[PDB]
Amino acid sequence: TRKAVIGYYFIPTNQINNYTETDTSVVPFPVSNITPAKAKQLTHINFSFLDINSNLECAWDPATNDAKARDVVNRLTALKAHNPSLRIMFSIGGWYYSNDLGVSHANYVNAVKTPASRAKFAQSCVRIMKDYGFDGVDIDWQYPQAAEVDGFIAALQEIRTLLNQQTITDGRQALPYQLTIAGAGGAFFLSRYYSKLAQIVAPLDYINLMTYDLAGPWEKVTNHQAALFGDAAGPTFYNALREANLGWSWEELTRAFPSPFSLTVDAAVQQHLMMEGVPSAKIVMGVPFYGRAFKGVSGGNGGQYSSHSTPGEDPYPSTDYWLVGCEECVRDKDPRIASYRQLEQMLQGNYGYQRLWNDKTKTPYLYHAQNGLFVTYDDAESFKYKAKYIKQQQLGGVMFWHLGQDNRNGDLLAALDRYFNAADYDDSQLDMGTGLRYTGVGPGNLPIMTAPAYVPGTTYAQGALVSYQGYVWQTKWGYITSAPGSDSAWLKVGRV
């Protein structure tokens, strides 16, 4: 089954409002950049972002010029003419609107509180989708808190129902309306709703893991923002998941959540697979189309794992644009972020950057010896490993933030498409390396194994193995006369 290639596409409100396909100083990446060939490399385009207003319904930003919005959306859905499998989805939320301190945060909390608020919010989603011509809904709330999860779950089940009804009413069985969400890609915030992952994923076609931003100015040691696998020399983190209200036993929590651990794309994907009820096919691995820059680093390991003096304030608080050769950083006023389109130009402008490669994490990085700078980003090369990882783990596909940041020839999107579908590309010999793998194992991804059926009346010694309820169980100590699961002495260690 074809791997999803989900491109979020962000156009700030004032760009909609001054939209033009002829002046990059105003709209850097207009829809015209997406040629028929590019439309064919995508399966989904997630227009970003819509919000949840004070009336607790899905709606465009208050300051949006509706005529221009519809014109831009129409330009996107017109791309469907070149690829019959393409879906233009819209995403609700995003960092700016929904974080704990976001401008619309309370609307998200309220929208999901009661059956009526949920019914009202859900219907507003379907109305917006039909009214503008979208093909599905992506919920990007970062992130409901533990108490808000049950309501959030109910709002998703409500949107699924309305959407499924709409697919029937519109004869869209050839391309059903879809529902997806963007999920945390790191243990830290994933722990808010982790215990109820199965219920959260059930109503979705995909869960887009934001497996990027794993590093940033908020961490004392510079690091790759999307390491595929871990590097023993890099930092490690407390496995917050071991504290989730899972109801598991110490042995289960320990085998499932080693701590500390390496914060990697691999860790997030495995953490999701460990949950019963979360099918690999619904998991989509996000990759970033931009890099993160740190200053005040020390040479030695090319800027990696070093202390730094990068401001963490959001937005950036200064006019000191220290990313050498980064024009894009000046107009957007932040030297800490740079689109891959710009990073590429920085590399060919003799600005003093050296491109390095970490064969453990399988990701590139820039180092500027003269000014002490370090940049972590992804490229066509790191995408090879991630694409193979996706195929190997049988994931749903890849997702990226965001289309508007690729170079003009669209090499990043092209590489992704190439690795999944080009008949002249073969990665059977691509060596995935020795970087650290997340070794956790849980209920949803136990090893297949065999054992003598459990025999009632039998006394089992320590470490004994038996089959029961379609699982293989192992005793934790001796003289076990109880049945598996029917006593704290047995550890479920395998399936079938």
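Residues carry their position along the shown sequence, with the first being 1.
For the segment pair 332-340 and 91-99, the entry gives 332-340 the higher mean B-factor, averaged over Cα atoms.
Stretch comparison (174-182 versus 365-373) by mean CA B-factor in the PDB entry places 365-373 on top. Across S382, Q392, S318, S191, the entry's maximum B-factor at the CA atom is seen for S318.
Comparing the C-alpha B-factors of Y353, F289, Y132, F152 in the entry, the top value falls on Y353.
Sort the modelled residues of the chain by CA B factor and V324 lands in the highest third. Ranked within its chain, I52 lands in the middle third, by CA B factor from the PDB record. Annotation for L436: CA B-factor lies in the middle third of the chain's modelled residues.
In the deposited entry, the Cα temperature factor of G312 sits in the top third of values across the chain's modelled residues.
Compared with the other modelled residues of the chain, the Cα B-factor recorded for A59 ranks in the middle third.
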